[PDB]
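Everything on this sheet refers to the single structure shown next.
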Amino acid sequence: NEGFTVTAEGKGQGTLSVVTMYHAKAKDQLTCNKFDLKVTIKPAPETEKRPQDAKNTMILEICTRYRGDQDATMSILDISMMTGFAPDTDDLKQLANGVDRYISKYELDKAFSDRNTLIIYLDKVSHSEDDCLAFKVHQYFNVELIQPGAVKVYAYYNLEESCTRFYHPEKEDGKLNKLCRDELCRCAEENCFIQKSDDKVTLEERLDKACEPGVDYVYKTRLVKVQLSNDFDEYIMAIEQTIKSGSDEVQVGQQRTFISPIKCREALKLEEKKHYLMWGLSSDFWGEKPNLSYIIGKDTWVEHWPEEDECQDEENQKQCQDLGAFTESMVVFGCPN
Amino acid sequence: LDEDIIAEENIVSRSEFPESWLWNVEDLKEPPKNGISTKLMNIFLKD
Amino acid sequence: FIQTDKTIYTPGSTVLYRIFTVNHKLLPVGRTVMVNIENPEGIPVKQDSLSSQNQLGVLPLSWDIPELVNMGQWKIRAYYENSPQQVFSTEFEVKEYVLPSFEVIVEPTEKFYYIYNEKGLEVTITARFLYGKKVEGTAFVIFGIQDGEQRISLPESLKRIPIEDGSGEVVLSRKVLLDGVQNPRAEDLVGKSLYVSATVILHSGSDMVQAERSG
Amino acid sequence: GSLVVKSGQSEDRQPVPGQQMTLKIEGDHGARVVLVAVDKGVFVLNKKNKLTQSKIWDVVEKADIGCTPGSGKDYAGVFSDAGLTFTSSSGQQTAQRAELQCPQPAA
Amino acid sequence: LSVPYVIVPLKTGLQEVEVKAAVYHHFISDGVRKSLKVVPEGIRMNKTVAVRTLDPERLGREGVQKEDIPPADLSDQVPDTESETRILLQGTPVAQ
Amino acid sequence: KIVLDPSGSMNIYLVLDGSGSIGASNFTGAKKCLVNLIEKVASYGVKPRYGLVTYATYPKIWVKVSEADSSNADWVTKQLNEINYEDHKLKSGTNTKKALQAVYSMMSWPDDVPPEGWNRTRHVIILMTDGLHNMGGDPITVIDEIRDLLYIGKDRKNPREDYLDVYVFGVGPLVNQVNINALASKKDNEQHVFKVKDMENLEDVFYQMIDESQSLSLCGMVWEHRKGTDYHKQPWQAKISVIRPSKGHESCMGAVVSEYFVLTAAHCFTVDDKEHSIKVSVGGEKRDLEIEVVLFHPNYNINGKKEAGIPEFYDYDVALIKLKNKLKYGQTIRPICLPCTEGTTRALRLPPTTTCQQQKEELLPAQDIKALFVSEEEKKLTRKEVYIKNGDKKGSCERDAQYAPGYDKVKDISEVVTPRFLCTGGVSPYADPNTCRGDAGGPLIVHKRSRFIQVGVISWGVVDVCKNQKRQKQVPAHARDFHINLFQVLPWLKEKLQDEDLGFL
Ligand SMILES: *[C@@H]1O[C@H](CO)[C@@H](O[C@@H]2O[C@H](CO)[C@@H](O)[C@H](O)[C@H]2NC(C)=O)[C@H](O)[C@H]1NC(C)=O
Ligand SMILES: *[C@@H]1O[C@H](CO)[C@@H](O[C@@H]2O[C@H](CO)[C@@H](O)[C@H](O)[C@H]2NC(C)=O)[C@H](O)[C@H]1NC(C)=O
Ligand SMILES: *[C@@H]1O[C@H](CO)[C@@H](O[C@@H]2O[C@H](CO)[C@@H](O)[C@H](O)[C@H]2NC(C)=O)[C@H](O)[C@H]1NC(C)=O
Ligand SMILES: [Mg+2]
């Protein structure tokens, strides 16, 4: 894109035309165009547990409405279960034979053995209010941290105009936990931290774990100030010394920004003015200089280092002892690895 | 691993997926038997 | 004569094309050829000029499609230098697509329709994967009437049939036709044409092909 | 001429992705061959503009200068309909024709 | 049998996705590594900048006509995205 | 792949990990691999600029590429041999980023002006580590700076990707593939990652990385990799068959010496054998080649002493066969080096001012000389090690020729056994195998500095333990084999091959 000068000389006549083609940001674009899709997952109440069926049971309800001027014709429902969940067979037989509703026999007679993706055909969906249906789901695989499920809707003449919803019992709406700093977004689907319980507090073992490539840097820090935001907040930490030289230089020791997701404030809130011992990996810091920010994640480890006057309690005496031995140990002897 | 399944690391992925290939040129210079040249070209398949 | 590696391309991909230059006796001739590539509305975007002498009547050329492009029909047009009014052309399409895994053929029992046939038009569906295996799925098929450039759609001729053993069957009855049209005269329908549009989706829900029989 | 493309191997089990195979090309001696291998799925998306030998002869038939399947209204019309000019010392000669196209095709 | 997955792209460009599978009790395995385009939000636009008539004899006077074309402002442009300038000229036949 | 160009200018950086994650036995295999590699590189005749650095917590520089001593293979081998695992055992860290920074500094020019030939120069980096960089920052970013310094990826017209090649050796019992795969260069169908098991079968390892671009036609260069067949190990071996009525079928061996010429014995053939009835098949091809002319030595005469009363006289048992078409050298088709040539001078790693007399003394000292010949057993080539009796037992080796049937009544032993004969065989100092009659005409091979020089041609043996396809029973103690010395007919070969461009001194 540049400006230029046109110069024409001589007898005759002509026409000048200039067109620019570029990528323009979408203005009020409707991703779920012509579709209002709502999906809700809930556990089964006490009526299900009454005959002592004794198993993991949840109810999935789906509702949708067309936005067009008239009712939309035949459409298709693509449903993906959470991993290890199979829909209740008896619920689908009841829904299948209903009017404006059909499920293929080849899909129907599959049952629990392989029914993970489900295809439901509707001859039409009303445009004035929501049309709904529901069925039970049961876990039969017994695995934790299940994959979120999804339901996609589209019509036989156009897959382009479509809509997709996700569901997960703990992620509320089944959306991904991405972290965004204005225009720059990066994923944050992790545990908040490793090892803050410490029932058996070691020192020799921790030195061996500090000598592994997964630990890129070990910092002694002091929290200066916390700055709030919407779904995150940043923690202004002062770097005191680099116990292990990491991906970045010490730079005398100045403020470096650490950020925690809103779902990690509930797990553990750091307290200001206090010192902290931390270590992580190269994937933790984010952005480009000088706007680098350290994201607290499942590879990050943090523990409070009490101040001098706080060290005098007999149990925090030994903590200030052991946290001081790790200090001198790493710098002078390094690693035999 | 000691069990009866292939380990992940030694599983090598197919990745060559071009739509069109074998954009080559060749001249029929093989010995003409009944005026018809028989050419043999060993070609690499894709994934 | 103009040859291309594919019939339809993606934005941001390379286009390879070869031009065969022959005289009126179809033997290879060595002359200078003027080549032009035009956009959907006929705007030349790229042009070439090369002689086929000592190349045995073959001119291999290439061009890259930018990401900034207007999808639609694109045409390669060529003419000899000593005959600029005699222009040859061949077309290709630009679209954002994904490769299917199976083909859909819609076969009427007769490649015509007799108006007063009581049974109606029978169209056999045939679907198979690209590697030669039978397709299992469900298809949605719709009918319409084509008169010149004017297309009329019959909404109630829509049917939903499963695809079994790599095949299906659908029949457009005479009653649906008489009900589809508002004209009780059968004489006005003679000379017009029908068209069939089929939408097939596997029972895995991971692929979909739209096929058309017309005329 | 005559150009034929077949497999170099006799038959064997269906090929493996990426595997080396032998392609056999039979054709007249001295001819230059150009190759292109495309996935059949692309043609299911778009089968238009595919060139073939029959369509080559179709353009030739559409480029013929003759307008009559033989015979004619008279002796003078025979050559002029075929696409020929005739002239003799005696005086008999072909009908004058100044148009490349054939007048109103039957279609 | 189909196994769905849910993912989120993290960086623009033609990014790569790889999956592997191996069967039990037979040493038969397969892996698929494919790439798809990660496109920033938006869509292609073909807007017109300016159209003017050229006539050096009548316009501009004394056989010369010159005028500038300012660059497009495009305030809705997606950051760090391509932008092409399409220039076309066509003469007017002045022979009756 | 690494290119071998004699006109080249190439820097080779050797980085060896020394952390406690390796182990002593693994560290030794790392050195033994480098010693064989450097030796094989110098055997090809390319002299690169070697840089030798060992690192753990802190890198330790042994050889700098700026030094002229860096081009000395034996001197660098001495520096490498001196390196000990326990040199800095107490600092057994893994700080790979600093080690790459030292290499980056070596190729770095002072100020902003690179010396001429910077892009003309090839750069090769060889790294051995456990893939566990635990101290310091990311090491991969320094690789980009090395890619940066070498102007790689900076031009569409000139990529310069082949001016830098990165090989990584996975050493130690525990190893990380992920970091290793990132460090190594990525090129189409080229291996740059090697594991611990690769320390065995070293020749195959080098076969993947070595590119013989400018050394295809060099003499006496052999591929010893395990997958290689008979002719990968013997490129010069030539099989000659003559089938003619009355004479019948007969086969002898030959050795490639030039583009058109193959060297073999004379008593196998005769002038009456016609050129169309003689078929030659060179190693690596089963197609029988047509010949043009056969050059028997002028002083050859099988019946030289037939009228005197001696049945057969094998003096000057050499012949040159000229092929109708010229050979194209390859990995299985290469000549064997000849004494007093520029190729033999470079093969022995001697200065170009070395004389023909000095090379004769080195090849033939006044002692028992180790040697070997090639023989066929069920159509497969195999090597048999023998001793050339040039020492104190040289007289006993010549005397044992009288026990061959047909020469019992010769009074003077020095009369029949001419100075052309080289004498092998016997049981002292050790048992030397005896040749088959089909093995005649083959070369007599001596190994020096990872190369092979021809010193003789197989003539005849005293006792024919290999009478016909069977070599049964152990050999007599006086069973000797005789070979024609090359120095006696060297002037004639120099006369014939003066236009063949072999660089005779
Ligand atoms: C310019 O933008 C239009 C946006 O629709 C592109 O598509 C054309 O849209 C009009 C609707 O106003 C249709 O009538 C045309 O048929 C569409 N084009 C084609 C090729 O079908 C259009 O392609 C863009 N580019 C140009 C050069 O017009
Ligand atoms: C490289 O080092 C490893 C261990 O450091 C060696 O592994 C040995 O394997 C044998 C197998 O019989 C064991 O009995 C030993 O206890 C192992 N450790 C030793 C010897 O320290 C491995 O053999 C070494 N590689 C080579 C080529 O020597
Ligand atoms: C090293 O640097 C130059 C660039 O500064 C390299 O490019 C060559 O430049 C010369 C003269 O400018 C050209 O004649 C060559 O064709 C260039 N080589 C290419 C384009 O590959 C060149 O490699 C080196 N120059 C030398 C050795 O003089
Ligand atoms: Mg280590």
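Indices start at 1 and increase along the chain as displayed.
Cβ coordinates are placed from backbone N, Cα and C, and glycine is handled just like the others.
Checking the ranges A:48-73, A:308-333 against Swiss-Prot, the region 'Interaction with CFP/properdin' annotation falls on A:308-333.
Swiss-Prot records phosphoserine for one of A:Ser126, A:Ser247, namely A:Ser247.
Of the listed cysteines (A:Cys132, A:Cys335), only A:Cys335 is recorded by Swiss-Prot as the disulfide partner of A:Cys211. Between A:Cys185 and the candidates A:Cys180, A:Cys187, Swiss-Prot records the disulphide bond with A:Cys180. The closest partner of A:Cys211 (disulfide bond) among the disulfide-bonded residues, by CA position, is A:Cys311; the full candidate set was A:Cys32, A:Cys63, A:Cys132, A:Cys163, A:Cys311. Mapped onto three states, the DSSP output places A:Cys311 (disulfide bond) in helix. Annotation: A:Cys264 carries the greatest number of neighbouring Cβ atoms among the disulfide-bonded residues A:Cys32, A:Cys185, A:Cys192, A:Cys264 [cut-off 10 Å, Cβ to Cβ]. Burial estimate for the disulfide-bonded residues (A:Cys63, A:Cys180, A:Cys335): highest at A:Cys335, by number of other CB atoms within 10 Å. According to DSSP, A:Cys180 (disulfide bond) is assigned to a strand segment. Nearest neighbour of A:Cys185 (disulfide bond) by Cα distance, taken over the recorded positions A:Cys63, A:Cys163, A:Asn291: A:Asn291.
Around the Cβ of A:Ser247 (phosphoserine), 17 further Cβ atoms fall within 10 Å across all displayed protein chains. The shortest Cα-Cα distance from A:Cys192 (disulfide bond) to any of the disulfide-bonded residues (A:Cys32, A:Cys63, A:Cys320, A:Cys335) is found for A:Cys320. Here the disulfide-bonded residues are A:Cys132, A:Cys163, A:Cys211, A:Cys311, A:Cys320; the one with the fewest Cβ atoms within 10 Å of its Cβ is A:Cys132.
The shortest Cα-Cα distance from A:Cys180 (disulfide bond) to any of the recorded positions (A:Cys163, A:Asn291, A:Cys335) is found for A:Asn291. Each residue of the domain 'NTR' (A:192-335) gets a DSSP state, and the totals for helix, strand and coil are 35 helix, 48 strand, 61 coil. Its Cβ taken as reference, A:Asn291 (N-linked glycosylation site) is surrounded by 10 other Cβ atoms within 10 Å in the chains shown. Between A:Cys163 (disulfide bond) and A:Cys132 (disulfide bond), the C-alpha separation comes to 16 Å.
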